[PDB]
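Contents: one structure, followed by commentary.
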Amino acid sequence: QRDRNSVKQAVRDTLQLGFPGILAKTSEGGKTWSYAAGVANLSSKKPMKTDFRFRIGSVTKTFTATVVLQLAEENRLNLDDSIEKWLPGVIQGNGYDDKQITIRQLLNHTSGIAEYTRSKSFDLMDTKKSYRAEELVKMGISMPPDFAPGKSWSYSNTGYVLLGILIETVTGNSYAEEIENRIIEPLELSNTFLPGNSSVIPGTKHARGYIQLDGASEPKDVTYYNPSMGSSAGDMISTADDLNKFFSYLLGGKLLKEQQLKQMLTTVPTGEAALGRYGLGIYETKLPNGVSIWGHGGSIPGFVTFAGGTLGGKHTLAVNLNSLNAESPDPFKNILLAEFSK
């Protein structure tokens, strides 16, 4: 049987890396467990609770990829189509060459399209600004390719913002409509939301979220933050339950059929103790013991998340912290070691 004390301990100690609070939930064999420590609110000291909603950030990428893959299954697009066929005139200038960029590459971050958040016109700490997706694309291509398509790996939100546009070009429906109609509604993910450019986290069932760019400063409350800077790369809100159910269905063969799931799990090297091997909106975290955890993290102001699971979908975890602490980018490593070892 699992030693849950070691998980509790690892959950609790994560706070000492400089976070207000933490929630996690695990499912294994259909046996669930819930964890929470620390506080939802640094000023009132109200406790973190396990069933809270949170901004999942880049875990959104896995939902977007899943839609793109269903579209491939239905013969509405091909992973190796060039994007020039779908979105001509978009990725150009600066030596970009769209005729060599494929849909597959956007999905696994090998396109070389530059990351819009490196632009000087981008400000993470602006908690208000509404961006249209095409503005983020243009911001990204304002900088030259990092490399030639397919020749290297580099994390690019720009590519996932582009994919959200693509989806709509393919079906006539917004990426949010597609995520809602294909994933949220059929899995009954009843605490999972696509907020657009609204800054609201709905309801009272969530914590305050914080950001701390520093260590030598107060964390700032950024609970209300405009998620349109993330779009189809990072805007979603969800819960530990809904994310467990999602990853368990995905990895257990219930959302993507075998042929598409195999493509999703075909990975490229990242070169990076950071992520491991990266697939289509999902990556492999390999533990010392030989265990592979497939899932994704997120990190958006207010909230740092990881969700994921074992191949076959029978063991998953989701975890969230309510602050973005730039000094501790990789906080979940011991939780995973406890929950998935041995």
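Letters A, B, ... go to the chains of the structure tokens in the order shown; residues in each chain start at 1; ligands are counted from 1 in the same order.
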| request: Name the residues in contact with residue 222 (chain A) at a cut-off of 7 Å, using only C-alpha atoms, excluding same-chain residues fewer than 3 positions from it; report them as a ChimeraX atom specification. | output: /A:209-211,225,301-302
Include N, CA and C atoms and write out the residues we just selected as an mmCIF file, in the first residue's frame.
```
data_model
loop_
_atom_site.group_PDB
_atom_site.id
_atom_site.type_symbol
_atom_site.label_atom_id
_atom_site.label_comp_id
_atom_site.auth_asym_id
_atom_site.auth_seq_id
_atom_site.Cartn_x
_atom_site.Cartn_y
_atom_site.Cartn_z
ATOM 1 N N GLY A 209 -4.462 34.385 -5.524
ATOM 2 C CA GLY A 209 -3.228 33.991 -6.150
ATOM 3 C C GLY A 209 -2.204 35.099 -6.099
ATOM 4 N N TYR A 210 -0.964 34.708 -6.069
ATOM 5 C CA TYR A 210 0.103 35.654 -5.775
ATOM 6 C C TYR A 210 1.228 35.476 -6.765
ATOM 7 N N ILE A 211 2.065 36.521 -6.835
ATOM 8 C CA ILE A 211 3.262 36.495 -7.557
ATOM 9 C C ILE A 211 4.433 37.104 -6.707
ATOM 10 N N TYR A 225 -6.386 38.585 -12.865
ATOM 11 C CA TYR A 225 -5.308 38.672 -13.838
ATOM 12 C C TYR A 225 -5.941 38.308 -15.219
ATOM 13 N N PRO A 301 0.868 34.022 -13.525
ATOM 14 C CA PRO A 301 0.829 34.738 -12.306
ATOM 15 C C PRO A 301 -0.369 34.388 -11.415
ATOM 16 N N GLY A 302 -0.036 34.018 -10.187
ATOM 17 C CA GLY A 302 -0.988 33.604 -9.229
ATOM 18 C C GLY A 302 -0.857 32.164 -8.879
#
```
Can you write out as CSV which residues of region 81-171 of chain A fall within 8 Å of region 56-74 of chain A, alongside each residue's closest atom pair and its distance in Å to one decimal, counting only C-alpha atoms and ordering rows by chain and ascending residue number?
```
residue,atom,partner,partner_atom,distance
A:107,CA,A:65,CA,6.7
A:160,CA,A:61,CA,7.0
A:163,CA,A:64,CA,7.6
A:164,CA,A:64,CA,7.1
A:167,CA,A:68,CA,6.8
```
Filtering to N, CA, C and O atoms, could you give me those residues as a PDB file, in the first residue's frame?
```pdb
ATOM      1  N   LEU A 107       2.973  21.924 -32.114  1.00  0.00           N
ATOM      2  CA  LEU A 107       2.541  21.167 -30.995  1.00  0.00           C
ATOM      3  C   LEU A 107       3.670  20.721 -30.045  1.00  0.00           C
ATOM      4  O   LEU A 107       3.402  20.492 -28.812  1.00  0.00           O
ATOM      5  N   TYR A 160       1.315  27.753 -29.650  1.00  0.00           N
ATOM      6  CA  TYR A 160       0.018  27.322 -29.137  1.00  0.00           C
ATOM      7  C   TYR A 160      -1.052  28.368 -29.310  1.00  0.00           C
ATOM      8  O   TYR A 160      -2.249  27.988 -29.511  1.00  0.00           O
ATOM      9  N   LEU A 163      -1.973  27.633 -32.851  1.00  0.00           N
ATOM     10  CA  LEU A 163      -2.831  26.501 -32.912  1.00  0.00           C
ATOM     11  C   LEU A 163      -4.287  26.826 -32.579  1.00  0.00           C
ATOM     12  O   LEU A 163      -5.217  26.206 -33.134  1.00  0.00           O
ATOM     13  N   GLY A 164      -4.511  27.749 -31.654  1.00  0.00           N
ATOM     14  CA  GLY A 164      -5.904  28.102 -31.319  1.00  0.00           C
ATOM     15  C   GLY A 164      -6.578  28.785 -32.508  1.00  0.00           C
ATOM     16  O   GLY A 164      -7.764  28.618 -32.769  1.00  0.00           O
ATOM     17  N   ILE A 167      -7.298  26.030 -35.164  1.00  0.00           N
ATOM     18  CA  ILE A 167      -8.471  25.238 -34.890  1.00  0.00           C
ATOM     19  C   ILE A 167      -9.754  25.933 -35.454  1.00  0.00           C
ATOM     20  O   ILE A 167     -10.657  25.301 -35.980  1.00  0.00           O
TER      21      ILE A 167
END
```
| message | Give me, as a ChimeraX atom specification, the residues of region 168-327 of chain A that a backbone DSSP run labels helix (DSSP H, G or I). | response | /A:168-171,175-187,227-229,231-233,240-251,258-264
Quick one: write out the picked residues with N, CA and C atoms as a compact mmCIF listing (two decimals), in the first residue's frame?
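Everything below was put into selection-v1.txt:
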```txt
# COMPACT_ATOMS: atom_id res chain seq x y z
N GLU A 168 -9.83 27.23 -35.26
CA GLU A 168 -10.96 27.98 -35.70
C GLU A 168 -11.02 28.07 -37.24
N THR A 169 -9.85 28.21 -37.85
CA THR A 169 -9.73 28.20 -39.31
C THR A 169 -10.22 26.85 -39.81
N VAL A 170 -10.03 25.76 -39.08
CA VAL A 170 -10.40 24.45 -39.56
C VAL A 170 -11.87 24.24 -39.37
N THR A 171 -12.42 24.65 -38.24
CA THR A 171 -13.80 24.18 -37.94
C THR A 171 -14.79 25.31 -38.02
N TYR A 175 -11.41 28.13 -30.28
CA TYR A 175 -10.74 27.04 -29.61
C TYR A 175 -11.50 26.72 -28.33
N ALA A 176 -12.10 27.73 -27.72
CA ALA A 176 -12.80 27.48 -26.43
C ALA A 176 -14.02 26.67 -26.67
N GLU A 177 -14.76 27.03 -27.71
CA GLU A 177 -15.93 26.18 -28.07
C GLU A 177 -15.52 24.72 -28.30
N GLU A 178 -14.43 24.53 -29.02
CA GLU A 178 -13.98 23.15 -29.30
C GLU A 178 -13.55 22.42 -28.02
N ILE A 179 -12.78 23.10 -27.16
CA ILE A 179 -12.39 22.46 -25.90
C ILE A 179 -13.61 22.14 -25.07
N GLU A 180 -14.59 23.07 -25.03
CA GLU A 180 -15.77 22.86 -24.25
C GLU A 180 -16.59 21.69 -24.78
N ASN A 181 -16.80 21.67 -26.07
CA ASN A 181 -17.72 20.68 -26.69
C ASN A 181 -17.13 19.30 -26.77
N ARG A 182 -15.82 19.20 -26.94
CA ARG A 182 -15.16 17.89 -27.07
C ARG A 182 -14.58 17.28 -25.81
N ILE A 183 -14.21 18.12 -24.83
CA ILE A 183 -13.54 17.62 -23.64
C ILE A 183 -14.36 17.91 -22.36
N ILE A 184 -14.59 19.19 -22.08
CA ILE A 184 -15.23 19.61 -20.81
C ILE A 184 -16.62 18.98 -20.65
N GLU A 185 -17.49 19.23 -21.60
CA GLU A 185 -18.87 18.74 -21.54
C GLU A 185 -18.93 17.18 -21.55
N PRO A 186 -18.17 16.47 -22.43
CA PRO A 186 -18.32 15.00 -22.36
C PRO A 186 -17.70 14.40 -21.14
N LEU A 187 -16.66 14.99 -20.57
CA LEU A 187 -16.11 14.45 -19.32
C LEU A 187 -16.76 15.01 -18.07
N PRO A 227 -6.25 36.52 -18.40
CA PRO A 227 -5.61 35.37 -18.98
C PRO A 227 -5.49 35.34 -20.53
N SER A 228 -5.86 36.40 -21.19
CA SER A 228 -5.70 36.51 -22.64
C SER A 228 -4.28 36.62 -23.10
N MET A 229 -3.35 36.86 -22.18
CA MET A 229 -1.92 36.76 -22.47
C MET A 229 -1.50 35.31 -22.62
N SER A 231 -4.21 32.68 -23.66
CA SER A 231 -5.01 32.14 -24.78
C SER A 231 -4.95 30.60 -24.74
N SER A 232 -4.91 29.99 -25.91
CA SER A 232 -4.91 28.55 -26.10
C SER A 232 -3.58 27.95 -25.64
N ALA A 233 -2.63 28.79 -25.25
CA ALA A 233 -1.39 28.36 -24.56
C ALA A 233 -1.47 28.26 -23.06
N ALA A 240 -8.31 20.00 -9.09
CA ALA A 240 -7.51 18.77 -9.03
C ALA A 240 -8.38 17.65 -9.53
N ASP A 241 -9.65 17.64 -9.19
CA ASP A 241 -10.47 16.52 -9.65
C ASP A 241 -10.58 16.53 -11.20
N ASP A 242 -10.85 17.70 -11.75
CA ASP A 242 -11.21 17.70 -13.15
C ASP A 242 -9.92 17.34 -13.92
N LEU A 243 -8.77 17.82 -13.48
CA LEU A 243 -7.52 17.50 -14.14
C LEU A 243 -7.09 16.02 -14.02
N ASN A 244 -7.35 15.39 -12.86
CA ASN A 244 -7.17 13.95 -12.75
C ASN A 244 -8.02 13.17 -13.75
N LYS A 245 -9.30 13.45 -13.80
CA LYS A 245 -10.21 12.84 -14.72
C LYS A 245 -9.76 13.05 -16.20
N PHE A 246 -9.43 14.28 -16.58
CA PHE A 246 -8.88 14.55 -17.89
C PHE A 246 -7.63 13.65 -18.19
N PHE A 247 -6.58 13.71 -17.38
CA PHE A 247 -5.40 12.95 -17.66
C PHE A 247 -5.66 11.45 -17.59
N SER A 248 -6.59 11.03 -16.80
CA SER A 248 -6.87 9.62 -16.73
C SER A 248 -7.62 9.12 -17.97
N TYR A 249 -8.56 9.89 -18.46
CA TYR A 249 -9.19 9.58 -19.72
C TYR A 249 -8.22 9.65 -20.91
N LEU A 250 -7.34 10.64 -20.93
CA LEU A 250 -6.46 10.82 -22.03
C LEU A 250 -5.51 9.62 -22.06
N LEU A 251 -4.85 9.40 -20.95
CA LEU A 251 -3.83 8.38 -20.92
C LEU A 251 -4.40 6.96 -20.87
N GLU A 258 -6.14 5.15 -30.41
CA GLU A 258 -4.70 4.68 -30.21
C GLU A 258 -3.77 5.36 -31.16
N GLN A 259 -4.22 5.51 -32.39
CA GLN A 259 -3.33 6.12 -33.36
C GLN A 259 -2.95 7.57 -33.01
N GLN A 260 -3.91 8.33 -32.47
CA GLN A 260 -3.60 9.73 -32.15
C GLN A 260 -2.83 9.77 -30.86
N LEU A 261 -3.20 8.96 -29.89
CA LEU A 261 -2.45 8.94 -28.59
C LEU A 261 -0.96 8.59 -28.83
N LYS A 262 -0.73 7.64 -29.75
CA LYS A 262 0.66 7.33 -30.09
C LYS A 262 1.35 8.50 -30.63
N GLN A 263 0.69 9.28 -31.49
CA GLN A 263 1.40 10.49 -31.98
C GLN A 263 1.68 11.47 -30.79
N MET A 264 0.73 11.58 -29.88
CA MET A 264 0.88 12.55 -28.79
C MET A 264 2.06 12.18 -27.94
```
| remark: note - CA of residue 6 (chain A) and CA of residue 37 (chain A) are separated by 14.0 Å
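A straight line drawn from CA of residue 116 (chain A) to CA of residue 136 (chain A) is 6.2 Å long.
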| message | With DSSP run on the backbone, what are the strand (DSSP E or B) residues within region 81-214 of chain A? I'd like them as a ChimeraX atom specification. | response | /A:82,102,193,206,210-212
Output of the above residues as a CSV table (one decimal), in the first residue's frame, restricted to C-alpha atoms:
```
chain,number,residue,atom,x,y,z
A,82,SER,CA,2.5,22.9,-43.4
A,102,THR,CA,4.1,22.1,-39.6
A,193,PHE,CA,-13.6,27.1,-17.3
A,206,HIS,CA,-10.7,29.4,-5.0
A,210,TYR,CA,0.1,35.7,-5.8
A,211,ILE,CA,3.3,36.5,-7.6
A,212,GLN,CA,6.8,37.0,-6.1
```
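Proximity ranking of A:109, A:166, A:36, A:114 relative to residue 282 (chain A) places A:109 first, based on only C-alpha atoms.
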| Can you list, as a list in words, every protein, DNA or RNA residue that comes within 12 Å of residue 16 (chain A) when you count only C-alpha atoms, leaving out same-chain residues fewer than 2 positions away? | residues 9, 10, 11, 12, 13, 14, 18, 19, 20, 21, 22, 37, 38, 215, 321, 325, 328 and 331 of chain A
Serialized selection, N, CA and C atoms, as a PDB file, in the first residue's frame:
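Now in out_25.pdb:
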```
ATOM      1  N   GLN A   9       4.036  14.769   3.826  1.00  0.00           N
ATOM      2  CA  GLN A   9       5.231  15.502   4.197  1.00  0.00           C
ATOM      3  C   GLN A   9       5.752  16.274   3.023  1.00  0.00           C
ATOM      4  N   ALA A  10       5.859  15.601   1.876  1.00  0.00           N
ATOM      5  CA  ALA A  10       6.404  16.293   0.669  1.00  0.00           C
ATOM      6  C   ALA A  10       5.459  17.489   0.296  1.00  0.00           C
ATOM      7  N   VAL A  11       4.163  17.326   0.521  1.00  0.00           N
ATOM      8  CA  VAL A  11       3.229  18.402   0.145  1.00  0.00           C
ATOM      9  C   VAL A  11       3.521  19.577   1.045  1.00  0.00           C
ATOM     10  N   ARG A  12       3.574  19.294   2.364  1.00  0.00           N
ATOM     11  CA  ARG A  12       3.808  20.347   3.355  1.00  0.00           C
ATOM     12  C   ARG A  12       5.123  21.011   3.201  1.00  0.00           C
ATOM     13  N   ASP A  13       6.176  20.256   2.981  1.00  0.00           N
ATOM     14  CA  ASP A  13       7.486  20.922   2.818  1.00  0.00           C
ATOM     15  C   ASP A  13       7.574  21.776   1.599  1.00  0.00           C
ATOM     16  N   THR A  14       6.770  21.515   0.567  1.00  0.00           N
ATOM     17  CA  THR A  14       6.875  22.366  -0.645  1.00  0.00           C
ATOM     18  C   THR A  14       6.636  23.806  -0.258  1.00  0.00           C
ATOM     19  N   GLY A  18       8.638  28.778  -0.308  1.00  0.00           N
ATOM     20  CA  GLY A  18       8.112  30.159  -0.491  1.00  0.00           C
ATOM     21  C   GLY A  18       6.772  30.221  -1.232  1.00  0.00           C
ATOM     22  N   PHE A  19       5.815  29.417  -0.781  1.00  0.00           N
ATOM     23  CA  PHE A  19       4.439  29.461  -1.305  1.00  0.00           C
ATOM     24  C   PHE A  19       3.388  29.603  -0.189  1.00  0.00           C
ATOM     25  N   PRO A  20       2.252  30.295  -0.473  1.00  0.00           N
ATOM     26  CA  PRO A  20       1.321  30.390   0.632  1.00  0.00           C
ATOM     27  C   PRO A  20       0.617  29.102   0.970  1.00  0.00           C
ATOM     28  N   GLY A  21       0.192  28.415  -0.078  1.00  0.00           N
ATOM     29  CA  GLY A  21      -0.581  27.219   0.106  1.00  0.00           C
ATOM     30  C   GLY A  21      -0.570  26.267  -1.047  1.00  0.00           C
ATOM     31  N   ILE A  22      -1.084  25.083  -0.790  1.00  0.00           N
ATOM     32  CA  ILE A  22      -0.941  23.992  -1.707  1.00  0.00           C
ATOM     33  C   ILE A  22      -2.051  23.033  -1.586  1.00  0.00           C
ATOM     34  N   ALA A  37      -2.322  22.067   2.404  1.00  0.00           N
ATOM     35  CA  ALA A  37      -1.606  22.735   3.438  1.00  0.00           C
ATOM     36  C   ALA A  37      -1.481  24.186   3.116  1.00  0.00           C
ATOM     37  N   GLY A  38      -1.112  24.928   4.156  1.00  0.00           N
ATOM     38  CA  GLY A  38      -0.893  26.340   4.060  1.00  0.00           C
ATOM     39  C   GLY A  38      -2.227  27.125   3.874  1.00  0.00           C
ATOM     40  N   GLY A 215      11.811  36.899  -3.714  1.00  0.00           N
ATOM     41  CA  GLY A 215      12.315  36.328  -2.436  1.00  0.00           C
ATOM     42  C   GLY A 215      12.492  37.386  -1.338  1.00  0.00           C
ATOM     43  N   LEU A 321      -0.127  25.284  -6.468  1.00  0.00           N
ATOM     44  CA  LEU A 321       0.316  26.281  -5.525  1.00  0.00           C
ATOM     45  C   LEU A 321      -0.235  27.630  -5.918  1.00  0.00           C
ATOM     46  N   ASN A 325       6.370  31.903  -7.841  1.00  0.00           N
ATOM     47  CA  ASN A 325       7.631  32.311  -7.166  1.00  0.00           C
ATOM     48  C   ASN A 325       8.793  32.000  -8.098  1.00  0.00           C
ATOM     49  N   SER A 328      11.568  29.587  -7.253  1.00  0.00           N
ATOM     50  CA  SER A 328      11.361  28.160  -7.169  1.00  0.00           C
ATOM     51  C   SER A 328      10.540  27.664  -8.330  1.00  0.00           C
ATOM     52  N   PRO A 331       8.807  23.184  -8.367  1.00  0.00           N
ATOM     53  CA  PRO A 331       8.667  22.826  -6.982  1.00  0.00           C
ATOM     54  C   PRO A 331       8.157  21.470  -6.707  1.00  0.00           C
TER      55      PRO A 331
END
```
Selection near residue 238 (chain A), 6 Å with only C-alpha atoms, sequence-local residues under 3 positions removed, as an mmCIF file with N, CA and C atoms, in the first residue's frame:
```
data_model
loop_
_atom_site.group_PDB
_atom_site.id
_atom_site.type_symbol
_atom_site.label_atom_id
_atom_site.label_comp_id
_atom_site.auth_asym_id
_atom_site.auth_seq_id
_atom_site.Cartn_x
_atom_site.Cartn_y
_atom_site.Cartn_z
ATOM 1 N N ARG A 53 -10.712 25.747 -7.205
ATOM 2 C CA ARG A 53 -10.359 26.082 -8.594
ATOM 3 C C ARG A 53 -9.126 26.929 -8.621
ATOM 4 N N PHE A 54 -8.316 26.783 -9.662
ATOM 5 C CA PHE A 54 -7.110 27.514 -9.896
ATOM 6 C C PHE A 54 -6.797 27.672 -11.408
ATOM 7 N N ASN A 191 -16.040 21.980 -12.990
ATOM 8 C CA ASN A 191 -15.283 23.077 -12.439
ATOM 9 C C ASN A 191 -14.168 23.549 -13.349
ATOM 10 N N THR A 192 -14.315 23.328 -14.652
ATOM 11 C CA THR A 192 -13.283 23.714 -15.555
ATOM 12 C C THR A 192 -13.846 24.804 -16.494
#
```
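Minimum atom-to-atom distances from A:174, A:198, A:5, A:108 to residue 156 (chain A) were compared using only C-alpha atoms, and the lowest value belongs to A:108.
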| message | Excluding residue 27 (chain A) and its own-chain neighbours fewer than 4 positions away, which residues fall within 10 Å of it when counting only C-alpha atoms? Please give them as an NGL selection string. | response | :A and (31-34 or 241 or 244-245 or 248 or 309 or 313-318)
| request: Fewer than 4 positions away in the same chain doesn't count, so skip those; otherwise give me all residues within 9 Å of residue 137 (chain A), counting only C-alpha atoms, as a list in words. | output: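 Residues near the query, excluding close chain neighbours: residues 90, 91, 115, 116, 133, 141, 142, 158, 159, 161 and 162 of chain A.
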| field | Contact residues around residue 122 (chain A) with only C-alpha atoms at 12 Å, ignoring same-chain residues under 3 positions, as a list in words | value | residues 115, 116, 117, 118, 119, 125, 126, 127, 129, 130, 131, 135, 136, 138, 139, 140, 142, 229 and 230 of chain A
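Among the candidates A:326, A:213, A:207, A:304, the one nearest to residue 44 (chain A) when counting only C-alpha atoms is A:207.
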| Residue among A:77, A:256, A:338, A:237 lying closest to residue 305 (chain A), counting only C-alpha atoms |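 Of the candidates, the smallest distance to residue 305 (chain A) is held by A:237.
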| task | Rounded to one decimal place, report the CA of residue 98 (chain A)-CA of residue 300 (chain A) distance in Å. | result |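 According to the coordinates, CA of residue 98 (chain A) and CA of residue 300 (chain A) are separated by 29.1 Å.
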